[PDB]
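S.K.: Dropping a structure here in structure tokens format, bear with me for questions.
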Ligand SMILES: *[C@@H]1O[C@H](CO)[C@@H](O[C@@H]2O[C@H](CO)[C@@H](O[C@@H]3O[C@H](CO[C@H]4O[C@H](CO)[C@@H](O)[C@H](O)[C@@H]4O)[C@@H](O)[C@H](O[C@H]4O[C@H](CO)[C@@H](O)[C@H](O)[C@@H]4O[C@H]4O[C@H](CO)[C@@H](O)[C@H](O)[C@@H]4O)[C@@H]3O)[C@H](O)[C@H]2NC(C)=O)[C@H](O)[C@H]1NC(C)=O
Ligand SMILES: *[C@@H]1O[C@H](CO)[C@@H](O)[C@H](O)[C@H]1NC(C)=O
Ligand SMILES: *[C@@H]1O[C@H](CO)[C@@H](O)[C@H](O)[C@H]1NC(C)=O
Ligand SMILES: *[C@@H]1O[C@H](CO)[C@@H](O)[C@H](O)[C@H]1NC(C)=O
Ligand SMILES: *[C@@H]1O[C@H](CO)[C@@H](O)[C@H](O)[C@H]1NC(C)=O
Ligand SMILES: *[C@@H]1O[C@H](CO)[C@@H](O)[C@H](O)[C@H]1NC(C)=O
Ligand SMILES: *[C@@H]1O[C@H](CO)[C@@H](O)[C@H](O)[C@H]1NC(C)=O
Ligand SMILES: *[C@@H]1O[C@H](CO)[C@@H](O)[C@H](O)[C@H]1NC(C)=O
Ligand SMILES: *[C@@H]1O[C@H](CO)[C@@H](O)[C@H](O)[C@H]1NC(C)=O
């Protein structure tokens, strides 16, 4: 039985962070909640509608009734930032199974915004000799973990050849990403200049490189 | 009629039970006072188990037709599913 | 010379008492109406016995310790004590010494000094709902099974293991230097 | 305590098969069943199946049935799970968990989870990287591209250069190959003095590249 | 009160029934529909109803084990007499050769005399069962500071045991096990049925697990019973055979130093359940008689075993038992004992001896009054002594007979009261004499394997104190079919049983005991007519004389001292120990019994005491003289005889 969960939520620290899961007659089922941090296995935090095992802080609670199940974290801390999932058991009409919901990304607000450091490098000599001209745009140490990167050639936006990574948490508790534009030596030389345009918090950072 | 469940024993004069087909698997009972009649929507599953227990408790004092009733009630009881309610609209008759 | 002797016999005993056929069922079984028994567990909270703590000096009797490792001397208190008893038992037995909780590193060292029968009390305890610690501080991994603050180790123990009873008598693990 | 150790991680190609091994420790193996769950990058948790460690009873996901097998080795406390007819869509991290009981009318939650293993499926075969410099306080680095599979690591001056160095996670190309980059921030004046060499190590094809980066 | 007309759709037919109340309540003096009505909670909505459903633990499936139940109670013999347990009086029955049966109806009434709550309205129960009050009985105990308790409550119809454990947080977990015939299991609350709860199902019997999901998960961490085995045994064993099974396990567990420090593992928890069942099985067997009568012999066997089980568990764990004790049967048993001579029981057919012993155990509960039963047990042992072959490890039959008799002996040894000292002393002497090296071997094997040869052994009540690990091992079985580690463990068990710190090893029934200054130095005690001989390694003893046996340089000293009429002297006799005169001018052939009442022992110069015998009759003397016991070719073994004149002689040779 498919369970309904919201994409994500982000709340102020110290607040009664509340996560819900929807389902038909969900109150009639035993709902289990799991917590997961990046690089780690999921951990059971709450089972059987508000039963918690040792090792789980007393700030963790929840309940389940009617069409809605819920989990609550009192005085939510930054260390509670994690993905959470709802799970139920299903008789499967003869094919018994377990079902997880979509899961919810739960974050805690606190860290201030940060502008990215952007470096754009033109093709290397050896690279051009290899008959390639890939432009490298390196974006690092920003916050929150979401940016938009566009490429431009002189007066026209570039779509073809663009490949970009997803922002990921760094050792600095910030985010980084990179973008590449795959060009030929000819395409490179054919334009006055190229640039990497990065949008963050509504602002724009634009770096320009050229054959010259 | 089908109803939604949401009183001294002696205040009931009549009890009406139905099949699983009547209310789409929802086992409901209708209770009523004794003219002047006030009806009540009751949990059929609980009503049935109540009477079954009584008959067993008093088995040594039962008569022919009461033993027949016991069998009948147990039969109906056994035939009434519970799990199917996980898919049914619990507020169907609300 | 020898003289013939009689066979061995059992010493004669008194006749049985009469049966009191005038004792009624009420007397045989008083208070017909009864209730099932129950017991109320005695609950108390364990707290660190601040009268004793980690010793702060060097000392070791080279023929009293059981085994040694690095710069420390390890003792198994011979007298069998309760888990709580170990704290005082060692403090009052040797010059600077204390009831010690095995580390991920050291535990293998002590387990190799134990057989499969004996069980050793260790200096590991719960503080809150967790954060199992010792007199040296730090955090220990504990095999949480029972709702009790006491733990022990044995030949097959990979961690300190919880136990349903602290009142049982076992050797105490203590250390010195 | 309760432990689960998982291995058998690898990189396969579509049509191939993989067997994941999960070792139990710290408890009686046969007293608890074992559950399997899959999690692809950025995705949620998909129940795969459950096995009865004592009786050999199994329950499989309908989406896997016919291309999935579970079995255990009682005497070692090791569970195995095999996937067949692999596809690129099966790239995911696989987990084992301690599953007390399951049946037609019941089931328990999963108290303990293993580390998990990463299984990648791709038609691409082994490919060593091409390496180019990223010429330049100033920042300079190296570009390592068109390689397969991951991971690839790059050190500087054989590990001598540490602080100031940052490495960007590899991007997956539309061609199915990977590309990473590594840069270091140094005083601009040191570029006329200190030599900076990347030491690229692509273990999957015994490939090592020493690349000096110049202005 | 108010008759209710109930209408119900039966396959489309609007049938109805009338429900009378007082017409039935007047016949069922404990049925009050009003109370049940409250519990019924017919106003309960779907949500809360389902909430209960999801709470309660569900069983994955049922084992479905087919089996057959044996018939415990035989048909009534044609020549038997009918006994009414409620009308027991001085007449009707006299003598042990008269068959009889006791009516089940009044028996059941006594066994389940007490009335109270069977099914309480607590956290794990109010959500499962309707409140039940009825005639019942129970076994219950608590351990580990009462952090853990178990109640083995049961009725004449079904059993329900409850396991409760409380954490230091105050939190608790509860699991219950219901067992009995399917057709008569207690009424469930709400829309629940047994097929969802039943873990094992046979033709008639089923086992049902009652708990919550949360608690179940907790219990399973340590308590994981073998339901298949437990369930089957619970049905396929007879009441007597079942109880014996249970008892043996309990005894072995305690003896090895078990319940001294109780461990909350599966093994022990399982045992508790099995004990509860044993009582149920008997009560059940009586109920399942069609209101007929039960042969007294069967009853004697069943109650004997439960009686013993009660006495032992009440010490090992300190458990108590309420109900399952019929005064009617006890009075009859006492009447039967009053028609026979205790002293002459040893002359009865073995079959009748066992019968009498079982009856005696029951007729005089806890041996609280009629100590004369000791003389009875002694008569039996002595007759056996005179039949048993020299130094042999008894026999299956002998062991059973003696085992039964030993119970009353054990009861007496729980109190420091000098009643019939002389008989108890003889019993121990005979037991000691029978404790040969072969017996030690046989017992150790039995202990290693878990057989009846480990369960009962006369050695356990012997007056031999010089046994240690090294010696027991030297006497151990020497077979490649045994686990040598298990054997050494059996030895530790054996030593434990004989520990001087054990209550029945105190031996304070013996006045002579007072002469002992150092118990730890005592090797053996031999209580003879007008004199008790003490064998020890201690020079100091309050005896009338002192002798020293020859031994090797490095051997422990072997001091022998008589106590005249069991009166202790002011202290050890000053000066060196006396030597023992030797007899060479003696023939193996003798006219009659001249050693009757005398003791004969032998020892090795290096190992110490080897054998003990006691001359009770001509046949015994003949057997020994005709045997090759007197190995005069072995210069390391010496033979001494102790007389009732307080003297000792050594044998040099025999013609
Ligand atoms: C005979 O029949 C009657 C009739 O129903 C029955 O009474 C009902 O008892 C149950 C409980 O036994 C009541 O249900 C709930 O009980 C909890 C008790 O606290 C425990 O559980 C909560 C949650 O699991 C824990 O947090 C707590 O620590 C305890 O463990 C109450 O807390 C519940 O209150 C809810 O309703 C209140 C009023 O609407 C709200 O103010 C409150 O915040 C709770 O709301 C929650 O549930 C709502 C349900 O739709 C939901 O919509 C909300 O968003 C929220 O989730 C609640 O009382 C039940 O209500 C009782 N019925 C009535 C009519 O009061 C008898 O017990 C029964 N007899 C027997 C022997 O069974
Ligand atoms: C019915 O309920 C009313 C209200 O309390 C009560 O007075 C009356 O006695 C009850 N019984 C009957 C039979 O009316
Ligand atoms: C519905 O009621 C009929 C009436 O006898 C019964 O036989 C049938 O099995 C019931 N429904 C289900 C799904 O069992
Ligand atoms: C029992 O009652 C009878 C009749 O009164 C009496 O003769 C008899 O002595 C009584 N027995 C006892 C032990 O009191
Ligand atoms: C040193 O150890 C003693 C032992 O009782 C303790 O009281 C004292 O506070 C300790 N000193 C320090 C600095 O911890
Ligand atoms: C409890 O354990 C954590 C380990 O994750 C540790 O960091 C913290 O300092 C410990 N002690 C307390 C009081 O939090
Ligand atoms: C047994 O000995 C104890 C003292 O050791 C004494 O209190 C008790 O009363 C004695 N028992 C009897 C029946 O005399
Ligand atoms: C010695 O034993 C005999 C036999 O029992 C006895 O009659 C005699 O009186 C005893 N001697 C003394 C001094 O009592
Ligand atoms: C016991 O010893 C005394 C003293 O020598 C002797 O007179 C008496 O006859 C002896 N009794 C027996 C039965 O030999």
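S.K.: Answer with yes or no whether residue E:14 is surrounded by fewer than 17 Cβ atoms within 10 Å (Cβ to Cβ) and in contact with a strand residue (DSSP E or B) (Cβ under 9 Å, 6 or more places away or on another chain). So that I can check it myself, show each step before the final result.
M.R.: Numbers: surrounded by fewer than 17 Cβ atoms within 10 Å (Cβ to Cβ): yes; in contact with a strand residue (DSSP E or B) (Cβ under 9 Å, 6 or more places away or on another chain): yes.
So residue E:14 fits the description; yes.
S.K.: Restricting the search to the stretch B:42-63, which residues are surrounded by fewer than 16 Cβ atoms within 10 Å (Cβ to Cβ) and in a loop (DSSP other than H, G, I, E, B)?
M.R.: Result: B:63, single match.
S.K.: Right, here's the next one. Before we move on, is residue D:55 within 14 Å of chain E (Cβ to nearest Cβ) and outside any strand (DSSP E or B)? Full working, then the answer.
M.R.: Numbers: within 14 Å of chain E (Cβ to nearest Cβ): yes; outside any strand (DSSP E or B): yes.
Criteria met by residue D:55.
S.K.: Something else about it: Restricting the search to the stretch E:301-332, which residues are over 30 Å from residue E:144 (Cβ atoms) and assigned to a helix (DSSP H, G or I)?
M.R.: Here is the first cut: in the stretch E:301-332, the residues over 30 Å from residue E:144 (Cβ atoms) are E:301-304, E:326-332.
Answer for the stretch E:301-332, where residues must be over 30 Å from residue E:144 (Cβ atoms) and assigned to a helix (DSSP H, G or I): E:301, E:302, E:303, E:304, E:327, E:328, E:329, E:330, E:331, E:332.
S.K.: Against the conditions (1) within 24 Å of the chain's Cα centre (by Cα); (2) on the phi < 0 side of the Ramachandran plot, where does residue D:176 fall short? Just the number, please.
M.R.: (2)
S.K.: Would you check which residues across the stretch B:20-41 are closer than 17 Å to residue B:85 by Cα, within 8 Å of chain E (Cβ to nearest Cβ) and either more than 16 Å from ligand 3 (Cβ to nearest atom) or in a strand (DSSP E or B) (or both) and list them?
M.R.: B:29
S.K.: If I go through the stretch E:475-530 residue by residue, how many of them are within 14 Å of another protein chain (Cβ to nearest Cβ) and within 16 Å of ligand 8 (Cβ to nearest atom)?
M.R.: 5
S.K.: Something else: Do you know which of the residues in the stretch C:44-60 that are surrounded by fewer than 12 Cβ atoms within 10 Å (Cβ to Cβ) and either outside any loop (DSSP other than H, G, I, E, B) or under 26 Å from the mean Cα position of the chain (by Cα) (or both) is nearest to ligand 7 (Cβ to nearest atom)?
M.R.: Out of the qualifying residues, it is C:44.
S.K.: Would you be able to say whether some residue in the stretch A:80-92 is touching a helix residue (DSSP H, G or I) at 6+ places or on another chain (Cβ under 6 Å) and farther than 23 Å from residue A:111 by Cβ? Give the steps one after another, and end with the answer.
M.R.: Applying the first criterion (touching a helix residue (DSSP H, G or I) at 6+ places or on another chain (Cβ under 6 Å)) to the stretch A:80-92 yields none.
No, because not a single residue in the stretch A:80-92 is touching a helix residue (DSSP H, G or I) at 6+ places or on another chain (Cβ under 6 Å) and farther than 23 Å from residue A:111 by Cβ.
S.K.: Continuing with this model, one more query. Condition first: within 9 Å of chain D (Cβ to nearest Cβ) and either touching a helix residue (DSSP H, G or I) at 6+ places or on another chain (Cβ under 6 Å) or under 22 Å from residue A:39 (Cα atoms) (or both). Now tell me which residues in the stretch A:100-122 satisfy that.
M.R.: A:100, A:101, A:102, A:103 - these are the residues of the stretch A:100-122 that are within 9 Å of chain D (Cβ to nearest Cβ) and either touching a helix residue (DSSP H, G or I) at 6+ places or on another chain (Cβ under 6 Å) or under 22 Å from residue A:39 (Cα atoms) (or both).
S.K.: Which members of the stretch A:64-79 meet the condition of being assigned to a strand (DSSP E or B) and more than 11 Å from every other protein chain (Cβ to nearest Cβ)? Show your work before the answer.
M.R.: First, pick out the residues of the stretch A:64-79 that are assigned to a strand (DSSP E or B): A:64-65, A:68-73.
Result: A:68, A:69, A:70, A:71, A:72, A:73.
S.K.: Restricting to the stretch B:8-19, name every residue that is more than 7 Å from chain E (Cβ to nearest Cβ) and within 16 Å of ligand 1 (Cβ to nearest atom). First the steps, then the outcome.
M.R.: Filtering the stretch B:8-19 down to residues more than 7 Å from chain E (Cβ to nearest Cβ) leaves B:8, B:11.
Within the stretch B:8-19, just B:8 meets the criteria.
S.K.: Now for a different question. Residues that are closer than 19 Å to residue D:184 by Cα and not assigned by CATH to the domain that holds residue A:79, at least 1 per element: which strands (runs of 3 or more DSSP E) completely within the stretch A:116-208 meet that?
M.R.: Numbers: elements: A:117-121, A:135-142, A:148-153, A:156-158, A:162-164, A:175-181, A:194-200.
In the stretch A:116-208, A:117-121, A:135-142, A:175-181 are the strands (runs of 3 or more DSSP E) which contain 1 or more residues that are closer than 19 Å to residue D:184 by Cα and not assigned by CATH to the domain that holds residue A:79.
S.K.: Residues that are within 11 Å of chain A (Cβ to nearest Cβ) and part of a strand (DSSP E or B): does the stretch D:192-199 have at least one? Can you show your working first?
M.R.: Going residue by residue through the stretch D:192-199, those that are within 11 Å of chain A (Cβ to nearest Cβ) are none.
Among the residues of the stretch D:192-199, not one is within 11 Å of chain A (Cβ to nearest Cβ) and part of a strand (DSSP E or B), which makes the answer no.
S.K.: Now a separate question. Can you report the number of residues in the stretch C:26-43 which are facing chain E (nearest Cβ under 7 Å) and either within 16 Å of ligand 1 (Cβ to nearest atom) or outside any loop (DSSP other than H, G, I, E, B) (or both)?
M.R.: 2
S.K.: Within the stretch E:148-249, considering only strands (runs of 3 or more DSSP E) that don't extend past its boundaries, which have at least 3 residues that are within 14 Å of chain C (Cβ to nearest Cβ)? Give the steps one after another, and end with the answer.
M.R.: Working: elements: E:148-154, E:158-166, E:172-181, E:198-201, E:205-210.
Counting at least 3 such residues, we get E:148-154, E:158-166, E:172-181.
S.K.: If a residue counts only when it is within 14 Å of another protein chain (Cβ to nearest Cβ) and within 16 Å of ligand 8 (Cβ to nearest atom), which strands (runs of 3 or more DSSP E) contained entirely in the stretch E:603-652 have at least 1 such residues?
M.R.: Working: elements: E:608-614, E:637-642, E:648-651.
Here the list reads E:608-614, E:637-642.
S.K.: So, one more: Quick one: is residue E:454 more than 30 Å from residue E:369 (Cβ to Cβ) and surrounded by 19 or more Cβ atoms within 10 Å (Cβ to Cβ)? Break it down stepwise before answering.
M.R.: Values: more than 30 Å from residue E:369 (Cβ to Cβ): yes; surrounded by 19 or more Cβ atoms within 10 Å (Cβ to Cβ): yes.
Answer is yes for this residue.
S.K.: If a residue has to be more than 14 Å from every other protein chain (Cβ to nearest Cβ), more than 16 Å from ligand 5 (Cβ to nearest atom) and over 16 Å from residue C:177 (Cα atoms) to count, how many in the stretch C:87-108 make the cut?
M.R.: Number of matching residues: 3.
S.K.: Being within 11 Å of chain D (Cβ to nearest Cβ) and not in a strand (DSSP E or B) is the filter here; which residues of the stretch A:30-48 pass it?
M.R.: Hits for the stretch A:30-48 are A:30, A:31, A:38, A:39, A:40, A:41, A:42, A:48.
S.K.: Can you report the number of residues in the stretch E:373-428 which are assigned to a helix (DSSP H, G or I), more than 14 Å from chain C (Cβ to nearest Cβ) and closer than 21 Å to residue E:363 by Cα?
M.R.: To start, the set of residues in the stretch E:373-428 that are assigned to a helix (DSSP H, G or I) comprises E:373-385, E:396-412, E:421-428.
Filter again for more than 14 Å from chain C (Cβ to nearest Cβ), leaving E:396-404, E:406-407, E:410-411.
Keeping just the survivors that are closer than 21 Å to residue E:363 by Cα gives E:400-404, E:406-407, E:410-411.
The qualifying residues number 9.
S.K.: For residue E:106, work out the one condition from (1) within 11 Å of another protein chain (Cβ to nearest Cβ); (2) out of contact with any helix residue (DSSP H, G or I) (no Cβ under 6 Å at 6 or more places or on another chain) it doesn't fulfil.
M.R.: (2)
S.K.: Look through A:13, A:6, A:53 and report the one residue that is more than 18 Å from the chain's Cα centre (by Cα), part of a loop (DSSP other than H, G, I, E, B) and within 14 Å of chain D (Cβ to nearest Cβ).
M.R.: Working: A:13 fails: within 14 Å of chain D (Cβ to nearest Cβ); A:6 fails: more than 18 Å from the chain's Cα centre (by Cα).
Going through A:13, A:6, A:53 in turn, the sole match is A:53.
S.K.: For residues in the stretch C:1-24 being within 16 Å of ligand 4 (Cβ to nearest atom) and at the interface with chain E (Cβ under 7 Å from one of its Cβ atoms), which is farthest from residue E:373 (Cα to Cα)?
M.R.: The first filter runs over the stretch C:1-24 and keeps only residues within 16 Å of ligand 4 (Cβ to nearest atom), leaving C:16-24.
Narrowing further to those that are at the interface with chain E (Cβ under 7 Å from one of its Cβ atoms): C:16-17, C:19, C:21.
Numbers: C:16: 9, C:17: 12, C:19: 16, C:21: 21 Å.
The residue in question is C:21.
S.K.: Condition test on residue D:40, is it within 14 Å of chain A (Cβ to nearest Cβ), within 26 Å of residue A:87 (Cα to Cα) and within 17 Å of the chain's Cα centre (by Cα)? If you could, list the steps in order and put the result at the bottom.
M.R.: Values: within 14 Å of chain A (Cβ to nearest Cβ): yes; within 26 Å of residue A:87 (Cα to Cα): yes; within 17 Å of the chain's Cα centre (by Cα): yes.
For residue D:40, the condition - within 14 Å of chain A (Cβ to nearest Cβ), within 26 Å of residue A:87 (Cα to Cα) and within 17 Å of the chain's Cα centre (by Cα) - is met.
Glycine also receives a Cβ, built like all others from the backbone with ideal geometry; neighbour counts cover every protein chain displayed. Numbers and lists here come from the model and the stated rules, or from a named source; no laboratory instrument gave them.
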